[PDB]
Amino acid sequence: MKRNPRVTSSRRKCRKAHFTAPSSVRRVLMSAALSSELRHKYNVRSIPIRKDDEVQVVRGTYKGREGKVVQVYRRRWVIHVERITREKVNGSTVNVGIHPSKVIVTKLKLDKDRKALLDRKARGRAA
Amino acid sequence: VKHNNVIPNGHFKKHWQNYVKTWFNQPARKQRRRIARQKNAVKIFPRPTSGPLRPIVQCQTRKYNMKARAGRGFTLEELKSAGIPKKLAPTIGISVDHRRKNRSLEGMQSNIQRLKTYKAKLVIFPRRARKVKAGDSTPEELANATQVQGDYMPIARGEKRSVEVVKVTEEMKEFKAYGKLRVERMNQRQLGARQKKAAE
Amino acid sequence: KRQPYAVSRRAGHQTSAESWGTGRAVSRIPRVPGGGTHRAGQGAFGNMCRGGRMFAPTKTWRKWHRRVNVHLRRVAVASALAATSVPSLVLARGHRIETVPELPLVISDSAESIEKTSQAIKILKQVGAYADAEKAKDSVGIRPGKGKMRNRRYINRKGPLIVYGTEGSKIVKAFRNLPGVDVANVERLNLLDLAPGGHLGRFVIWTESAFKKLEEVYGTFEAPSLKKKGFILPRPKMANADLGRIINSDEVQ
RNA sequence: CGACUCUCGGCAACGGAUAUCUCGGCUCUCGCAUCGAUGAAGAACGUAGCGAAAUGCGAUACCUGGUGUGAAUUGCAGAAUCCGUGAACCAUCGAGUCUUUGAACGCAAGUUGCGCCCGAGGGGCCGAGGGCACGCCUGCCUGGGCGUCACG
RNA sequence: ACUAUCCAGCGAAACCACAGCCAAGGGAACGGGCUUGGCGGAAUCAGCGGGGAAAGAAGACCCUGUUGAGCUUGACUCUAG
RNA sequence: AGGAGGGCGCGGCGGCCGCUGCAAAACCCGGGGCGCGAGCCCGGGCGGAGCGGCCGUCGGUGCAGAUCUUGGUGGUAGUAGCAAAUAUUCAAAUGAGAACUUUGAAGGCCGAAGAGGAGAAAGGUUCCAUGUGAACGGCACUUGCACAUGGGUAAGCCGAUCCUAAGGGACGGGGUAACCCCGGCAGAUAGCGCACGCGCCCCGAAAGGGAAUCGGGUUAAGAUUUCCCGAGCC
RNA sequence: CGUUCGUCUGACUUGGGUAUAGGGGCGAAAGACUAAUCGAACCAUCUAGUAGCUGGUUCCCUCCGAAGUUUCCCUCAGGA
RNA sequence: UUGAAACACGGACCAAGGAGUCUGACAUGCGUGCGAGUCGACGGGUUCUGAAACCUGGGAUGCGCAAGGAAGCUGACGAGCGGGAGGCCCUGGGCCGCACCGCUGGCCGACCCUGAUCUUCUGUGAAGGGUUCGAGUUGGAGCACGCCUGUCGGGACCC
RNA sequence: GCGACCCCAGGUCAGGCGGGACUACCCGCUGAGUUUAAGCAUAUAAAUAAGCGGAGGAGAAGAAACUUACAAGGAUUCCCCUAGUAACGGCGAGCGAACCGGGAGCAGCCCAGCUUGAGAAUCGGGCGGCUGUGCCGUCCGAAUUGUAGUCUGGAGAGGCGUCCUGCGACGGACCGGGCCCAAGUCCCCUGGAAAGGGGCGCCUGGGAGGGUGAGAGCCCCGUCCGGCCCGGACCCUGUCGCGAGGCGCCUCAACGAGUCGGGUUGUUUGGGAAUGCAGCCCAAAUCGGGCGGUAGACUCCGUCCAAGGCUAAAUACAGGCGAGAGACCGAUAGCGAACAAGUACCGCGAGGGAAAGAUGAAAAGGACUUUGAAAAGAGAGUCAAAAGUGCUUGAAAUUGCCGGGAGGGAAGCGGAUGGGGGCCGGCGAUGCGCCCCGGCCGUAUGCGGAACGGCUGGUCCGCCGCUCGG
Ligand SMILES: [K+]
Ligand SMILES: [K+]
Ligand SMILES: [K+]
Ligand SMILES: [K+]
Ligand SMILES: [K+]
Ligand SMILES: [K+]
Ligand SMILES: [K+]
Ligand SMILES: [K+]
Ligand SMILES: [K+]
Ligand SMILES: [K+]
Ligand SMILES: [K+]
Ligand SMILES: [K+]
Ligand SMILES: [K+]
Ligand SMILES: [K+]
Ligand SMILES: [K+]
Ligand SMILES: [K+]
Ligand SMILES: [K+]
Ligand SMILES: [K+]
Ligand SMILES: [K+]
Ligand SMILES: [K+]
Ligand SMILES: [K+]
Ligand SMILES: [K+]
Ligand SMILES: [K+]
Ligand SMILES: [K+]
Ligand SMILES: [K+]
Ligand SMILES: [K+]
Ligand SMILES: [K+]
Ligand SMILES: [K+]
Ligand SMILES: [Mg+2]
Ligand SMILES: [Mg+2]
Ligand SMILES: [Mg+2]
Ligand SMILES: [Mg+2]
Ligand SMILES: [Mg+2]
Ligand SMILES: [Mg+2]
Ligand SMILES: [Mg+2]
Ligand SMILES: [Mg+2]
Ligand SMILES: [Mg+2]
Ligand SMILES: [Mg+2]
Ligand SMILES: [Mg+2]
Ligand SMILES: [Mg+2]
Ligand SMILES: [Mg+2]
Ligand SMILES: [Mg+2]
Ligand SMILES: [Mg+2]
Ligand SMILES: [Mg+2]
Ligand SMILES: [Mg+2]
Ligand SMILES: [Mg+2]
Ligand SMILES: [Mg+2]
Ligand SMILES: [Mg+2]
Ligand SMILES: [Mg+2]
Ligand SMILES: [Mg+2]
Ligand SMILES: [Mg+2]
Ligand SMILES: [Mg+2]
Ligand SMILES: [Mg+2]
Ligand SMILES: [Mg+2]
Ligand SMILES: [Mg+2]
Ligand SMILES: [Mg+2]
Ligand SMILES: [Mg+2]
Ligand SMILES: [Mg+2]
Ligand SMILES: [Mg+2]
Ligand SMILES: [Mg+2]
Ligand SMILES: [Mg+2]
Ligand SMILES: [Mg+2]
Ligand SMILES: [Mg+2]
Ligand SMILES: [Mg+2]
Ligand SMILES: [Mg+2]
Ligand SMILES: [Mg+2]
Ligand SMILES: [Mg+2]
Ligand SMILES: [Mg+2]
Ligand SMILES: [Mg+2]
Ligand SMILES: [Mg+2]
Ligand SMILES: [Mg+2]
Ligand SMILES: [Mg+2]
Ligand SMILES: [Mg+2]
Ligand SMILES: [Mg+2]
Ligand SMILES: [Mg+2]
Ligand SMILES: [Mg+2]
Ligand SMILES: [Mg+2]
Ligand SMILES: [Mg+2]
Ligand SMILES: [Mg+2]
Ligand SMILES: [Mg+2]
Ligand SMILES: [Mg+2]
Ligand SMILES: [Mg+2]
Ligand SMILES: [Mg+2]
Ligand SMILES: [Mg+2]
Ligand SMILES: [Mg+2]
Ligand SMILES: [Mg+2]
Ligand SMILES: [Mg+2]
Ligand SMILES: [Mg+2]
Ligand SMILES: [Mg+2]
Ligand SMILES: [Mg+2]
Ligand SMILES: [Mg+2]
Ligand SMILES: [Mg+2]
Ligand SMILES: [Mg+2]
Ligand SMILES: [Mg+2]
Ligand SMILES: [Mg+2]
Ligand SMILES: [Mg+2]
Ligand SMILES: [Mg+2]
Ligand SMILES: [Mg+2]
Ligand SMILES: [Mg+2]
Ligand SMILES: [Mg+2]
Ligand SMILES: [Mg+2]
Ligand SMILES: [Mg+2]
Ligand SMILES: [Mg+2]
Ligand SMILES: [Mg+2]
Ligand SMILES: [Mg+2]
Ligand SMILES: [Mg+2]
Ligand SMILES: [Mg+2]
Ligand SMILES: [Mg+2]
Ligand SMILES: [Mg+2]
Ligand SMILES: [Mg+2]
Ligand SMILES: [Mg+2]
Ligand SMILES: [Mg+2]
Ligand SMILES: [Mg+2]
Ligand SMILES: [Mg+2]
Ligand SMILES: [Mg+2]
Ligand SMILES: [Mg+2]
Ligand SMILES: [Mg+2]
Ligand SMILES: [Mg+2]
Ligand SMILES: [Mg+2]
Ligand SMILES: [Mg+2]
Ligand SMILES: [Mg+2]
Ligand SMILES: [Mg+2]
Ligand SMILES: [Mg+2]
Ligand SMILES: [Mg+2]
């Protein structure tokens, strides 16, 4: 049970905050679980999805399929994975959007801030 | 109006609905008042939270003649008889009321006694590390000085009930208490006529 | 505990609208006089008009809170406390107490020191009071109706009510995440917990300190025998409610 | 046997009730105290590669700058950026810019109308830029009157 | 001569308890419906002004209401000047 | 008329007992029943995500009417009607389609105080070109004052602007609780020429007064004096 | 709207500008006109004005069940 | 409406919405607690789910527990009788008799009468009263809350 | 003529201040009527609406020219009570406070007057300096028609004697911001999708809420308990380092004027021979002045000291900025506005003022063939589904078609049958006692548990060993 006076339990307020969220907040909202091997190696549970991350789909009709993130459509709350597509009625190809809460990250793209973020999250999850 | 009712008197002929005062903020008022009392208590840590010392007075008017309560402050004559300069009294937690006067001795003495009891309980901190001042306390007295809550010097309302056992003498009887009340009332209402005849 | 609700004081009166009178073959309801828009000429200022005013608009000075005599409240708590000790009335309220050793169910003061939810579950299993908590854990579901859309989305049954006495115990923390299980202190027992829904027979687990304090609080038939000033335990109108033992007595028969 | 009218059922229409929802409303409680001649509120006109409105902004014009975060924005297209002084229709704010107006202030006003002064910079000419309302206060400068005097 | 009439195209409104042939009776004292009789046979077109006490308007005449308003005066009570 | 009792139904809240993607709510049915009745229970269908019953308690809680409100829909009815301003016809072209568009020919009307040619108010792009889904142009259209995309208004001389008219505002002053109402009530009148000399506010007219332009040419659309050529003027 | 008709160098017709605003204006006078509004315009508010008067007033069954008469009332279609 | 099928008004149809409510003051009734008391309503304390809840302030806050009188001011010195449910005794009679009804009184106060005695000389009150008057007493029953109904102020059933 | 001053004038002189906006709360003025009185004029509506101004985070009020009658209390404000009371009122309708008492919160101060004359000791500005919301220096000015200091009735001055009197360093507390902070996406089934059902597990001081393809504690954000870091606020406070006032005693003692107060007139009040306020007339005092709720005179008594100024807190808050919640509404509801809503549109103008939410998990938004001038159709494709861009569901009125039935100037309706149709099978039975086949044990025992009555007796189960009826 929540105790903070400053935190709202109102369903109307929580839905408004979720859907009217800026781009920088959708990044945290659009986080993905790490795979078992990666969670063991980094001692972190979940990470925000990024472009060029390697991902596996674990829910839906594309469950089991793998690829790399080609697009993070934050406006639509979906990510696009390489070669996860569908043919239209005219025969063209369209990328299918998947919610990042239904995938697991298998390989991470690390520049310099991914490592720093991994260090911050590990310490809490390690102590 | 149709039956055996009271004559109605409803004072609702004006725009009374623009002047309705509800009390939905009553529990919030209680919390705001409680919070300020805790903030005020921390602002004065060793000083008592109940405010300065108050005297004892009789409530006025014949209905409340016999009840005692807290006054506004001590008279300038009471402070002088206890040895407390009137400029020092507010600074050490005593209220001063220059309007009030002392007409009877017993009211005055009980207030002077109250100040003496307060002075034996008061612990004064020096305004610096050096205790060059005279009214300051020893380091031991300051070392254990907490904050008291509530009324550290209560006021007794009304004379305590006490049924005594006495021997009824022969003068206690045949006193004619009703006759005394009537003759004294007559002496009051005959005073003006008696004084008129005396002058003539 | 209710919060007041009301409609606006303006609420259907912020139009300018006058009646057309008779002589035009329309009803005498007030009408919007504008012109040039669909609102012109429509009914206004009436409980029967679209966009009108409610018949008796709800005002904020309704009587929301109700006064109960302090003495009557203490009688109700004492009557709801005694109903918690007869096991038949507890079963009638739906509590599962088939494996409870003794219904007054006094537990040792060691439970006052537990601080984990897993420890609390272990305590309930020892006293046979976990099937009641399981039933409350189940049956948790969405509330049907409009209260769903309001901020009351889940409902459930009531489980055991745990009563402690120490006033500083961490047993409150160990039990507060179990659904349907409430924790109360003996010095501030609530009738809303003792008789949920106005139905007497709550399943109560007493720690030993709480049970021993139960005579200091609520006292007895002696006048100064308790903390509550100006209160005596209520007296039954019938000294022996055993109807069979009175009808089939020797003097009656 | 048929047409017409009425009626019963099935399917199709017309219409938008009912049901389930809801980034809205209403009510209550709490905290805080911050508009303007240093030009406010309000009004106008502009401003995007593709925009009319709403939203934003002001010729630095859906933005410049700082800080934070850390790889997007996306309806289409092109550019920029990635182990980085570094993407973003991101957050936040200390640095900036801020057209015509409006208490509105050179005079006006159904007028982008009618004046005066200074002036970088290139005698005179052309200047970029800027001033010139009213009431009042303290001080100051230039004055008026035998109003009250003094000495010549 | 233009309409009306007939055609192609386009295309309203007023009004509507349900309806729509009569005689007499009784009845809120002038019935489409009720009672007793006369009767009474699909579906359609052009007109017509007897009826529908036809429509149009909560009678404007009349009265009532402890409803007004305009005007007058020797009404009552005031008032600028 | 009226009173009262006992029940039926709607929506919440506190409790209890349940249902549902093996299909909830709502809706439909010449389906089957229960109850005097308000109502209820089941079946079949549709639909695709929630709902019910019992105890207590609470309420914006039950419709046929109010010339009731809002919305939708009938008959009337393919009916009333589309009749002022004299009038059309032929051939061709275009086009899916021509009584209505375009060309030619013919017959007529307005008759120059016009149905002609240009302006002031008012409108604001209706102006010109190209194109055409629907709607609209009360029949129709290939067609447009519709719609879509573009283009188009050039001044020292034409006007405004300058002046004053009836009149309006307004400094000081006067009144006024303030908003505001008063301009002749005279107040050191706020300055003008060459130290010297003098000294009796603004707004208000594209029909009043008034610096100065003519001819010819040019565009899809301008210029009845703005662009070009030439010739002048202030 | 058609035909007919009144006046037509004057107390003539008319454009623009300007003045007068609601118990006020303006009136060769009809209570005329003052934006389709005039024996007191229009707009918003007071205001959900008042009404002894007209209309309406929403589920079932069961039981009981009237009065239009007395008195008083600016009382006579109303109240007690 | 005395009287409607009416040549008396409203109603073309359908869906959704649509009218005795909320608050204050009294009153009777009923239900709950306590009871010569009752009310904890404004405040304070506390409250780890809480605008709940729980505790606490009354030796005088409000209604009650005492009237009458304009007021000054005085203020209940303790009942019988008839009928009575029920209980008891004897074998129809007797005893005790609640509530309620009826009758006659006593006491308090307003008004009027009355006056031994004490007394601060104007007060007191042994006795003795009254075709007078009271929302009195000789029964302590009330206080708080809840609900329906009724009257009244409010938009006040709706237009 | 040179001068000093007074009053005044002009400056785009140097530096400064003001005007407008906002409405919930607050301060000042001005001011109705509808309405009620069952008519209506006083009264009520109401010292309200409208109208004109002024502020703030609160405002205003505030330290007795106050109450009372007591054993007396002791600034303001707000709450409860006083109290629907005293009073007022065609004494009608109605109206209507205060004192005491109990709470919340408490706090008292600054001037003018006589008071430098051995020295205007005071203040502002220009300029310069610095240690900079200020300090110092210098020069000008203001001011004697009075700046500073002392003093304010509680006093005080004067006289005589004893006790009291800045800087920094490091934290706390207050406000804001950031970062981190538990546990399954294991197996089977159904479904387009598991977040549903079944099986096996884990977290919990976290089972508030939200998202994600269906009811998700463990998929994600969060929630709990905490920890870490950054930034404000310059008061408040906790440890460190470095003459004047009070008190006792004793002759002066100054205190606010066209103001008080009185008359009258108007208005207002519960204020009644007059509650406050205002205009006008009269017009003060210092052994005096103002009150003690009935006008007057006289004698006592109680009580205050106006006509100058400031002052936190408790209190108010339909506005603004920012939070939280609800037995509230659910698209004809709730604000007029869930949406480019004070919008479209209407009026010369002041003003008036709507309607309008929902495909699907994902546009996967319907390629292509054929007919047609096109719009479209017919096939086809996507989807779990055409749910086919006003697309969730999709009632009634009303309409078309197909099938059935009836009909001589209405039809519908109640009762009763019949003809035809549509339904239904808990619409309606097939078992029960006697006999040859399949297949279980008493009585007694050892043992284990657990009963009823108030020490005897009871049932069950598993095991034996005799037994035979089921
Ligand atoms: K309040
Ligand atoms: K049909
Ligand atoms: K709905
Ligand atoms: K001009
Ligand atoms: K035709
Ligand atoms: K007849
Ligand atoms: K009139
Ligand atoms: K219910
Ligand atoms: K020009
Ligand atoms: K001109
Ligand atoms: K003539
Ligand atoms: K003529
Ligand atoms: K003219
Ligand atoms: K008028
Ligand atoms: K009447
Ligand atoms: K009718
Ligand atoms: K009554
Ligand atoms: K009491
Ligand atoms: K009397
Ligand atoms: K009512
Ligand atoms: K200086
Ligand atoms: K969830
Ligand atoms: K003085
Ligand atoms: K007066
Ligand atoms: K005096
Ligand atoms: K609306
Ligand atoms: K569908
Ligand atoms: K048919
Ligand atoms: Mg009123
Ligand atoms: Mg009609
Ligand atoms: Mg509404
Ligand atoms: Mg439901
Ligand atoms: Mg934008
Ligand atoms: Mg201007
Ligand atoms: Mg006939
Ligand atoms: Mg008829
Ligand atoms: Mg017949
Ligand atoms: Mg026929
Ligand atoms: Mg015909
Ligand atoms: Mg006819
Ligand atoms: Mg005819
Ligand atoms: Mg009529
Ligand atoms: Mg009429
Ligand atoms: Mg009337
Ligand atoms: Mg009458
Ligand atoms: Mg009149
Ligand atoms: Mg008249
Ligand atoms: Mg049917
Ligand atoms: Mg239901
Ligand atoms: Mg409701
Ligand atoms: Mg209703
Ligand atoms: Mg209806
Ligand atoms: Mg009805
Ligand atoms: Mg109608
Ligand atoms: Mg309608
Ligand atoms: Mg029609
Ligand atoms: Mg025709
Ligand atoms: Mg015609
Ligand atoms: Mg033609
Ligand atoms: Mg001709
Ligand atoms: Mg001709
Ligand atoms: Mg032309
Ligand atoms: Mg054209
Ligand atoms: Mg057409
Ligand atoms: Mg166009
Ligand atoms: Mg010209
Ligand atoms: Mg001029
Ligand atoms: Mg002029
Ligand atoms: Mg002026
Ligand atoms: Mg001009
Ligand atoms: Mg001209
Ligand atoms: Mg042209
Ligand atoms: Mg004519
Ligand atoms: Mg006039
Ligand atoms: Mg004329
Ligand atoms: Mg006339
Ligand atoms: Mg109006
Ligand atoms: Mg009379
Ligand atoms: Mg009638
Ligand atoms: Mg009649
Ligand atoms: Mg009838
Ligand atoms: Mg008739
Ligand atoms: Mg009628
Ligand atoms: Mg009709
Ligand atoms: Mg309805
Ligand atoms: Mg007597
Ligand atoms: Mg007497
Ligand atoms: Mg009404
Ligand atoms: Mg200057
Ligand atoms: Mg201002
Ligand atoms: Mg009246
Ligand atoms: Mg009336
Ligand atoms: Mg009248
Ligand atoms: Mg106002
Ligand atoms: Mg401010
Ligand atoms: Mg103040
Ligand atoms: Mg004083
Ligand atoms: Mg006081
Ligand atoms: Mg009372
Ligand atoms: Mg009043
Ligand atoms: Mg008061
Ligand atoms: Mg008090
Ligand atoms: Mg000066
Ligand atoms: Mg001085
Ligand atoms: Mg001194
Ligand atoms: Mg001295
Ligand atoms: Mg986590
Ligand atoms: Mg499971
Ligand atoms: Mg679904
Ligand atoms: Mg006076
Ligand atoms: Mg007067
Ligand atoms: Mg006044
Ligand atoms: Mg007196
Ligand atoms: Mg004074
Ligand atoms: Mg003062
Ligand atoms: Mg003040
Ligand atoms: Mg406060
Ligand atoms: Mg606010
Ligand atoms: Mg709406
Ligand atoms: Mg609805
Ligand atoms: Mg118009
Ligand atoms: Mg769905
Ligand atoms: Mg649909
Ligand atoms: Mg239908």
# chains A, B, ... in the order shown; residues from 1 in each chain; ligands from 1
>>> residues_near_ligand(ligand="ligand 66", cutoff="10 Å", atoms="only C-alpha atoms (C1' of nucleotides) and all ligand atoms", output="list in words")
residues 157, 158, 159, 160, 210, 211 and 212 of chain F
>>> write_last_selection(atoms="N, CA and C atoms (P, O5', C5', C4', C3', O3' and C1' of nucleotides)", output="PDB file, in the first residue's frame")
ATOM      1  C1'   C F 157       1.383  65.274 -61.824  1.00  0.00           C
ATOM      2  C3'   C F 157      -0.618  64.553 -60.775  1.00  0.00           C
ATOM      3  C4'   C F 157       0.389  65.002 -59.721  1.00  0.00           C
ATOM      4  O3'   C F 157      -1.507  65.622 -61.077  1.00  0.00           O
ATOM      5  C5'   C F 157       0.769  63.951 -58.717  1.00  0.00           C
ATOM      6  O5'   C F 157       1.243  62.781 -59.364  1.00  0.00           O
ATOM      7  P     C F 157       1.985  61.637 -58.558  1.00  0.00           P
ATOM      8  P     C F 158      -3.078  65.468 -60.801  1.00  0.00           P
ATOM      9  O5'   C F 158      -3.380  63.921 -61.020  1.00  0.00           O
ATOM     10  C5'   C F 158      -4.334  63.491 -61.983  1.00  0.00           C
ATOM     11  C4'   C F 158      -5.278  62.461 -61.418  1.00  0.00           C
ATOM     12  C3'   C F 158      -5.805  62.746 -60.022  1.00  0.00           C
ATOM     13  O3'   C F 158      -6.921  63.616 -60.046  1.00  0.00           O
ATOM     14  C1'   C F 158      -5.099  60.480 -60.182  1.00  0.00           C
ATOM     15  P     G F 159      -7.139  64.700 -58.889  1.00  0.00           P
ATOM     16  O5'   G F 159      -7.788  63.866 -57.703  1.00  0.00           O
ATOM     17  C5'   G F 159      -7.194  63.840 -56.419  1.00  0.00           C
ATOM     18  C4'   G F 159      -7.657  62.658 -55.612  1.00  0.00           C
ATOM     19  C3'   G F 159      -7.354  62.728 -54.126  1.00  0.00           C
ATOM     20  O3'   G F 159      -8.301  63.498 -53.411  1.00  0.00           O
ATOM     21  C1'   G F 159      -6.706  60.619 -54.952  1.00  0.00           C
ATOM     22  P     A F 160      -7.829  64.487 -52.245  1.00  0.00           P
ATOM     23  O5'   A F 160      -7.538  63.525 -51.014  1.00  0.00           O
ATOM     24  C5'   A F 160      -8.540  62.662 -50.493  1.00  0.00           C
ATOM     25  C4'   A F 160      -7.930  61.582 -49.642  1.00  0.00           C
ATOM     26  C3'   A F 160      -7.040  62.076 -48.511  1.00  0.00           C
ATOM     27  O3'   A F 160      -7.769  62.372 -47.339  1.00  0.00           O
ATOM     28  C1'   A F 160      -5.895  60.429 -49.745  1.00  0.00           C
ATOM     29  P     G F 210     -10.057  76.294 -55.596  1.00  0.00           P
ATOM     30  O5'   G F 210      -8.800  75.515 -55.015  1.00  0.00           O
ATOM     31  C5'   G F 210      -7.782  76.173 -54.270  1.00  0.00           C
ATOM     32  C4'   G F 210      -6.732  75.203 -53.786  1.00  0.00           C
ATOM     33  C3'   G F 210      -5.844  74.597 -54.873  1.00  0.00           C
ATOM     34  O3'   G F 210      -4.537  74.387 -54.351  1.00  0.00           O
ATOM     35  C1'   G F 210      -6.952  72.874 -53.718  1.00  0.00           C
ATOM     36  P     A F 211      -3.412  75.509 -54.540  1.00  0.00           P
ATOM     37  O5'   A F 211      -2.186  74.743 -55.202  1.00  0.00           O
ATOM     38  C5'   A F 211      -2.288  74.143 -56.483  1.00  0.00           C
ATOM     39  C4'   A F 211      -0.932  73.997 -57.127  1.00  0.00           C
ATOM     40  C3'   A F 211      -0.857  73.052 -58.314  1.00  0.00           C
ATOM     41  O3'   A F 211      -1.204  73.713 -59.513  1.00  0.00           O
ATOM     42  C1'   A F 211       0.974  72.682 -56.834  1.00  0.00           C
ATOM     43  P     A F 212      -2.384  73.166 -60.440  1.00  0.00           P
ATOM     44  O5'   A F 212      -1.619  72.530 -61.676  1.00  0.00           O
ATOM     45  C5'   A F 212      -0.416  73.104 -62.158  1.00  0.00           C
ATOM     46  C4'   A F 212       0.583  72.043 -62.530  1.00  0.00           C
ATOM     47  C3'   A F 212       0.011  70.756 -63.094  1.00  0.00           C
ATOM     48  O3'   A F 212      -0.321  70.862 -64.463  1.00  0.00           O
ATOM     49  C1'   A F 212       1.690  70.262 -61.502  1.00  0.00           C
TER      50        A F 212
END
>>> residues_around(residues="residue 66 in chain F", least_positions_apart="6", cutoff="8 Å", atoms="only C-alpha atoms (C1' of nucleotides)", output="ChimeraX atom specification")
/G:55-56 /H:159
>>> atom_distance(atom1="CA of residue 195 in chain B", atom2="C1' of residue 300 in chain I")
13.1 Å
>>> residues_near_ligand(ligand="ligand 103", cutoff="12 Å", atoms="only C-alpha atoms (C1' of nucleotides) and all ligand atoms", output="ChimeraX atom specification")
/D:137-139 /I:124,141-143
>>> interface_residues(of="chain C", to="chain H", cutoff="6 Å", atoms="only C-alpha atoms (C1' of nucleotides)", output="number ranges by chain")
C: 1, 48, 56, 68, 72, 188, 190
>>> write_last_selection(atoms="N, CA and C atoms", output="PDB file, in the first residue's frame")
ATOM      1  N   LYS C   1     -17.090   9.225   7.206  1.00  0.00           N
ATOM      2  CA  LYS C   1     -15.899   9.387   6.383  1.00  0.00           C
ATOM      3  C   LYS C   1     -16.219   9.861   4.969  1.00  0.00           C
ATOM      4  N   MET C  48     -36.932  19.332 -17.027  1.00  0.00           N
ATOM      5  CA  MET C  48     -37.381  18.559 -18.175  1.00  0.00           C
ATOM      6  C   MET C  48     -36.734  18.990 -19.490  1.00  0.00           C
ATOM      7  N   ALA C  56     -33.871  19.286  -7.862  1.00  0.00           N
ATOM      8  CA  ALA C  56     -33.432  19.795  -6.566  1.00  0.00           C
ATOM      9  C   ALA C  56     -31.923  19.628  -6.546  1.00  0.00           C
ATOM     10  N   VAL C  68     -23.498   9.820  16.980  1.00  0.00           N
ATOM     11  CA  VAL C  68     -23.899   8.713  17.836  1.00  0.00           C
ATOM     12  C   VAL C  68     -23.444   9.028  19.251  1.00  0.00           C
ATOM     13  N   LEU C  72     -23.644   4.768  23.510  1.00  0.00           N
ATOM     14  CA  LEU C  72     -24.195   3.789  22.581  1.00  0.00           C
ATOM     15  C   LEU C  72     -23.106   3.177  21.708  1.00  0.00           C
ATOM     16  N   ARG C 188      -7.691   0.995  20.832  1.00  0.00           N
ATOM     17  CA  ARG C 188      -8.481   1.759  19.872  1.00  0.00           C
ATOM     18  C   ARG C 188      -9.236   0.829  18.925  1.00  0.00           C
ATOM     19  N   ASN C 190     -12.005  -0.765  16.686  1.00  0.00           N
ATOM     20  CA  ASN C 190     -12.969  -0.121  15.804  1.00  0.00           C
ATOM     21  C   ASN C 190     -14.132  -1.066  15.540  1.00  0.00           C
TER      22      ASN C 190
END
>>> residues_near_ligand(ligand="ligand 100", cutoff="12 Å", atoms="only C-alpha atoms (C1' of nucleotides) and all ligand atoms", output="ChimeraX atom specification")
/B:11-14 /I:43-48,88-89,94-97,268-270
>>> residues_around(residues="residue 60 in chain F", least_positions_apart="3", cutoff="12 Å", atoms="only C-alpha atoms (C1' of nucleotides)", output="MDAnalysis selection string")
(chainID C and resid 5:7 47 53:59) or (chainID F and resid 11) or (chainID H and resid 18 21:22) or (chainID I and resid 328:329 333)
>>> residues_around(residues="residue 37 in chain E", least_positions_apart="5", cutoff="12 Å", atoms="only C-alpha atoms (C1' of nucleotides)", output="PyMOL selection string")
chain E and resi 22-25
>>> residues_near_ligand(ligand="ligand 79", cutoff="9 Å", atoms="only C-alpha atoms (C1' of nucleotides) and all ligand atoms", output="list in words")
residues 53, 54 and 77 of chain G; 1 of chain H
